[PDB]
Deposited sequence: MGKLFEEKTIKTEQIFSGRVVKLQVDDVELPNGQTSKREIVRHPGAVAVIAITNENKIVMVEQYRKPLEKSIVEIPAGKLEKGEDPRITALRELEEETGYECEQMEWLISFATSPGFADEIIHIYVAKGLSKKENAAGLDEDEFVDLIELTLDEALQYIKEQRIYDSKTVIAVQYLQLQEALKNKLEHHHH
């Protein structure tokens, strides 16, 4: 199995969201090369479809993009917690929903060229509204598949986890029209 073994590591930055480290790696050459590596805790994201066929989403400002975008609910993985608990808490905290099922769908790196961020997508079935930070600014949104598709066309939906989510719903519907 191919490897670029780390022979040196320089910790460049250790912030609230990301760490940056520069790894010095051997090449088959015998020469060395720098590898810039953003380390990130990982994220749970939730595909939550209401009993009304509306997918639940949030709009928020993404400072690296200088724009607000429309995303599925997501939050960071916590150390020593079940990611499925994390998805349940993030669904309820971000969108005030409870669900019956929360089932792991797929996991993937978002930009593995420089980051080790992994997103774990969970599908939530059986949604109902729970009743009862000042620095958090999210906007709760519920869309039909066709509206989500139109939001893609408008680039209001503009990130990898949410594109994947929308495409999944498209597929679930197309295979729901492979039995009618």
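Several segments of the deposited sequence are absent from the coordinates, namely 1 to 3, 136 to 139, 188 to 191.
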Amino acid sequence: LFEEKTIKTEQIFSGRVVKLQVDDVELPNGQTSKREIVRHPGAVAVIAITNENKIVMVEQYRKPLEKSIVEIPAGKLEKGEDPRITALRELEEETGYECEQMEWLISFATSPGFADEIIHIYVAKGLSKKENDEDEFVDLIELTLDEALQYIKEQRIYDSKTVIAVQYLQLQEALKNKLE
From here on, numbers count along this sequence of modelled residues.
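Mean CA B-factor, 108 to 116 versus 26 to 34: the higher value falls on 26 to 34. For the pair 93 to 101 and 69 to 77, the record assigns the higher mean C-alpha temperature factor to 93 to 101. The PDB entry gives the largest Cα B-factor of the residues 49, 45, 140, 152 to 49. For residue 127, the recorded CA temperature factor ranks within the highest third of the chain's modelled residues. Among the modelled residues of its chain, residue 170 has a C-alpha B-factor that falls in the middle third, as given in the PDB entry.
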